[PDB]
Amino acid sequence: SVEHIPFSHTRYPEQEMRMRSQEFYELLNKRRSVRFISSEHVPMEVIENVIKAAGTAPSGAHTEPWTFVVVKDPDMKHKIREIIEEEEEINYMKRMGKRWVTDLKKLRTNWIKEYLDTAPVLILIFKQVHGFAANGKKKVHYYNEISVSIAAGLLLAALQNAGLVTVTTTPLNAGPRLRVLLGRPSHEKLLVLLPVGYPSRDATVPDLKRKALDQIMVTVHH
């Protein structure tokens, strides 16, 4: 159907591979989810580059099932805020349940989300649960959720790389209202919302620790 071509690869000497892999780990390790974000301007060129980076993700059968909806308009951001705070309040009060609520205590999150106003840019990542071809026939988006999550991962990496912060959020039950507000089609579903900017001078994060290597990696012999 399409042509297959020689793959062109950039290879480093081993020592540099070692250093690169270490530095990249050290860089990503400094990524923390930040819930206090400055209103300070960020260059749209950088925002575009991080979205381009996300778009380089692999996807099931090459379907690229993602839409990155960018919101900079203050009225639109605030509209987004109110929807989310409204739904999250019901979430904390009742819909998540006691266990989940208890599970969140360590993070000190609640239903008020100031960052949705203060962050200069919001990125809403929509997955396309199926697509359409040019003739208007439906196309299957194999593993679209995983594919879009991988893209989101790349996006997260690209933000850290560029010196920006965010917090990956899942505004449970806000999806349908957000879809309508933002004029997205019925086959798109909000996956995560990323408020983007610099951290506030007064930003804090929970003193969480990541697992040791021997807690996430298992090597298997015979």
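Note that residue numbering follows the sequence shown and begins at 1.
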| property | result |
| --- | --- |
| 8-16 versus 21-29 - which carries the larger mean C-alpha B factor in the record | 8-16 |
| Per the entry, higher mean C-alpha B factor between 74-82 and 146-154 | 74-82 |
| Which of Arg179, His62, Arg35, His187 ranks first by CA B-factor in the deposited coordinates | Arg179 |
| Selection by C-alpha B-factor (highest) of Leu116, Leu124, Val129, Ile90 | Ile90 |
| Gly175, C-alpha B-factor rank within chain (lowest, middle or highest third) | lowest |
| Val167, C-alpha B-factor rank within chain (lowest, middle or highest third) | lowest |
| Ranked C-alpha temperature factor of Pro43 among modelled chain residues, by third | highest |
